[PDB]
């Protein structure tokens, strides 16, 4: 059992509705107004072919920028300097207001929600995960603190070989509805998390998507709100965003916190703006100044043993769901497979959003190219 979870709607029974009961009362009153949460759906455009390139200023310092963006399968690119959009690019077929999957950049958004609750005193990072989710007792999450989840410093037996269906990475997707279920798979994301094990060691960084979903579970237990609603109340609704964001949900309505969020490039930049504004957004304070300061400061360098990161950023680290480069510019970034970045350049008070679709989820090649672009653009923003 995975314990109590926020009802899909007021008064809903556990796990209701399902794909087989949404047309039945009392579920239908809610379902008829949120069918996209139950059945895959397409948008029927209210609006009746070529790339949009407005690289403005930086175009002078980076003459071949558009070509570099094309080479890295860029779908949407936006640079926000202060409160002004100084550069934009959208591939042919992708509108400026179209939404794009964030993959793991979604994690940085989840960490933000956790930070807001820490500020309220609803979550104590020093407390064990089991203080909030007792049902995780007996799993790899039995013992570690919430902070260790936030910093991903928990050793977990999590096979990342996505070509193998038995791998934890593939099983995680199936449990969440990102892939077709196989006989024996956990019923939902919560159950999948309870199956995870490890040797018990902590302290060393191990990038694992399961950690973020555990954070989302904690958020639900502490607020009583579906993660989908918590993400809106504690973050999205305070950004004065142009459009709602979306998040995939599993069979219980649990948002795939680790990587299922989609939003426009401009709106994602508002998250970065909030971070560079000390945690304050147009609709109110999202997180404390201290939380933002801790994110920018970085995590323990010794815990960071991922050569895929340190070969490029020797003094890099990870904390509270953000990657910290530790470079001379103090760059920090949300990162997602296939080329997603919510990059912060505090020196120039700028935010760089790059949403892409590389053919591969990850290769040293793509990251070298992607980081080269983000760093060059950052430097192009420097006063001269």
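Positions refer to the first chain, counted from 1.
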Selected stretch [higher average CA B-factor]: 177-185 or 241-249
177-185
State which stretch shows the higher mean Cα B factor in the entry: 303-311 or 143-151.
303-311
Say you rank 272, 111, 298, 283 by Cα B-factor from the PDB entry; which sits at the top?
283
Peak C-alpha temperature factor (PDB record), options 40, 336, 48, 316
48
Please place residue 56 in the lowest, middle or highest third of its chain by C-alpha B factor as given in the entry.
highest
Among the modelled residues of its chain, does the C-alpha B-factor of residue 260 lie in the lowest, middle or highest third?
lowest
What third of its chain, lowest, middle or highest, does the C-alpha temperature factor of residue 172 fall into?
middle
Lowest, middle or highest third of the chain for the C-alpha temperature factor of residue 67?
highest
If you rank the chain by CA B-factor, which third does residue 133 end up in: lowest, middle or highest?
middle
